[PDB]
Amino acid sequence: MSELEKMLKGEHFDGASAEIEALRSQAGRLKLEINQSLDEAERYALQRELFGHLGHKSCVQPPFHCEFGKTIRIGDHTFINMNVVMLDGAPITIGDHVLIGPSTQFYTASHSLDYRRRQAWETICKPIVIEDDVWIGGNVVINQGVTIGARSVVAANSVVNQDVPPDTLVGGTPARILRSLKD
């Protein structure tokens, strides 16, 4: 098993592995051009090379930050605001009609509580999934292995450690259910 594939699969891996490093450069180069670009069509085009998928009529405002990019998939009519950071060692999958606030963070990557197990920067990545019609506010942290339920809202500055059921407003750190949005 490739170190790359180990990373995507939530197992231990070497980050200096070559195919991974290359992915990382591809990503570095693209961020810089996208981020320094004033042509809207030019940014979208380069994002189709940066991202795993970028859907129709979706927008991702610069500056946008990520580590690998190809792991990220964005559906249709989806909008991501400025200054978003995604640690994308594992797949990040984003639905349709999703809104994401500024300075929001997606961290697939994580570490062990035991310092003896972090001395080689050992990391595990688990995927994040944002379902359709979700609204994530600004300055939010969504941690690894979380799924956000459809038609749900995450309040500004929340930290989401666990799944968010659908049709729901949640808030805080860690996030809690504030109200049901179901009819």
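For every residue, the number given is its place in the sequence shown, counted from 1.
According to the PDB record, 17 to 25 carries the higher mean C-alpha B-factor of the two stretches 17 to 25 and 167 to 175.
Mean CA B-factor, 123 to 131 versus 110 to 118: the higher value falls on 110 to 118. The residue among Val85, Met82, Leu99, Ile92 whose C-alpha carries the highest B-factor in the deposited model is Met82. Within the group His56, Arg151, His53, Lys31, the record's highest C-alpha temperature factor is found at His56. Ranked within its chain, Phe64 lands in the lowest third, by CA B factor from the PDB record. Among the modelled residues of its chain, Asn157 has a C-alpha B-factor that falls in the middle third, as given in the PDB entry.
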